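Note that the protein sequences, when read in sequence, are chains A and C. Using the entry's author numbering, the first residue of the first sequence is number 398, and each one after it goes up by one. Using the entry's author numbering, the first residue of the second sequence is number 943, and each one after it goes up by one.
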Amino acid sequence: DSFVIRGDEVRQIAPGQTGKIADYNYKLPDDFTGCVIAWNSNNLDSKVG
Amino acid sequence: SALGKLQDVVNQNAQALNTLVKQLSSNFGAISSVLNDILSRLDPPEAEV
């Protein structure tokens, strides 16, 4: 699963986590097994306007 | 006091049952002694702990 989120919301991508994005956008199971990879993309996903 | 032998059995049984029932009012290291309090105040990851 791949997507782009805000910098402060990466901590919400984790099992048993509550927040604006975990509740309404993307929810992880409590028995989740696997890996989470996240890196900054301020070079491609930023525009002056 | 002639019937102490028969009274002792009843006394020990009542004491054992009372102790078992009263054992429900201990934290055992948890925050609260009633699980309803825990399940209505904390998120699952440490509520389950």
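Positions of the beta carbon are idealized from the N, C-alpha and C atoms, including for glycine.
Item checked: CA-to-CA distance, A:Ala435 to C:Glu990, given in whole angstroms -> Translated into positions along the second sequence, residue 990 of chain C becomes position 48. Translated into positions along the first sequence, residue 435 of chain A becomes position 38. Going by the C-alpha atoms only, they are around 28 Å apart.
Next item on the list: Starting from A:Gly413, find everything on chain C with Cβ-Cβ shorter than 7 Å and list it in chain order.
Entry: Locating residue 413 of chain A in the first sequence gives position 16, where the first residue counts as 1. Near A:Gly413 (Cβ distances below 7 Å), the residues of chain C are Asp985, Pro986 and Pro987.
Notebook entry, point to check: If you draw a straight line from the C-alpha of A:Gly431 to the C-alpha of C:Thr961, how long is it?
Noted result: Against the first sequence, residue 431 of chain A aligns to sequence position 34. Against the second sequence, residue 961 of chain C aligns to sequence position 19. About 46 Å.
Item checked: Backbone secondary structure at A:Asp398 - three-state DSSP -> By one-based count along the first sequence, residue 398 of chain A stands at place 1. It is coil, neither helix nor strand.
Next item on the list: Taking only the alpha-carbon atoms, compute the straight-line gap between A:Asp428 and C:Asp985 and give it to the nearest angstrom.
Entry: What you label residue 428 of chain A is simply residue 31 of the first sequence in a count that begins at 1. What you label residue 985 of chain C is simply residue 43 of the second sequence in a count that begins at 1. Distance between the alpha carbons of A:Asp428 and C:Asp985: 15 Å.
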